[PDB]
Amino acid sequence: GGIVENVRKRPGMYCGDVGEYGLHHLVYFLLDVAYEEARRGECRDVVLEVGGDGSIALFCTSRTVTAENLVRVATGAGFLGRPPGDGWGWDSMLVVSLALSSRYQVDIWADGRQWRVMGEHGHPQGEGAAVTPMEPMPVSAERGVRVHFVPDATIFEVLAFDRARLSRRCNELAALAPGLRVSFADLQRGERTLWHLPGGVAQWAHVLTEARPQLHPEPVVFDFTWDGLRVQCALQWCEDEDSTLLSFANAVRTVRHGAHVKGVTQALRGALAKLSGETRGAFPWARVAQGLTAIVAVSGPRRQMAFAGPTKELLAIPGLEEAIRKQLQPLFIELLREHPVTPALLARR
């Protein structure tokens, strides 16, 4: 109606397609909402639940969420930056997941009380009603919000979720928002997995390499902020041929990397060049990266995330690459002096 009806009219323009990719995107949009709250230090717990009936529920704890916030965002408030503002799911793709459901239920707990908004065919039914008495919060906290929905069977071509890929996205979210508790509840299996990775992408890099021969017992790690932007990085060398480079901007992957990654690789190639008394060309990235599992994640206000084009596959934030290189190059130099891996890398020229 305005926004919900616009989304329902051309669903693939908003969720990518109406096959298996777009179906899974409805869930990823919810997880992205929880990420943005966690990124801002406003969410400590996230639970994703898949039922046998093809429904999906996400619960998040909070100290700030309100029912008025949810009712507004449910009809499109804040969607695509309009208007600029703040709130749970504000400037998110939440309204797409809701618009493209045949039914939904949203519960908001706050102040010892609970409010519930029902949805049908993408639209909230009125402004909701109290739940009295209050039903138990999935994870007890000052406040919380649950969004439960069923992808609309008249819209989507397939309705079955791949549990494995949803669990993997949850694992990534725990890594990208270190300290965030993220759970995946497979109700059918009577199974629930909890990830809590206080070591972040460093802890994740260890995981990704645990069955490989690691050349050092702890990943090389950095975590710093530049101009409001947090940069987190982990590097782990093993003695094999394969190379892995995963990069993210606000916890969405940048499959063609960009300024965040180039800052790091330029800093490392440059640290090696200096240590060996050689030139950067002596250390091409293809050589340096042999046996490397590296992860580079930048995060910050959504408006500050700028890409080279509409695919959003390549990050391009002016000044970021040089800011990272300047921060990391001297740290890599000192760090690598007495690091187990350096002679081997130095011998790669």
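Counting begins at 1, following the sequence as shown.
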> Which has higher Cα B-factors on average according to the PDB entry: 95 to 103 or 224 to 232?
Replying inline: 224 to 232
>> Tell me which stretch has the larger mean Cα B-factor in this entry, 26 to 34 or 283 to 291.
In response: 283 to 291
> Based on the PDB record, which member of 147, 155, 134, 174 exhibits the highest Cα temperature factor?
Replying inline: 134
>> Between 53, 45, 42, 68, which one tops the list for Cα B-factor in this entry?
In response: 53
> How does residue 304 rank on Cα B-factor within its chain, lowest, middle or highest third?
Replying inline: highest
>> Taking only the Cα B-factors deposited for this chain, tell me whether residue 138 sits in the lowest, middle or highest third.
In response: highest
> How does residue 184 rank on Cα B-factor within its chain, lowest, middle or highest third?
Replying inline: middle
> Ranked by Cα temperature factor within the chain, is residue 20 in the lowest third, the middle third or the highest third?
Replying inline: middle
> Mind checking which third residue 213 falls in for C-alpha B-factor across the chain?
Replying inline: highest
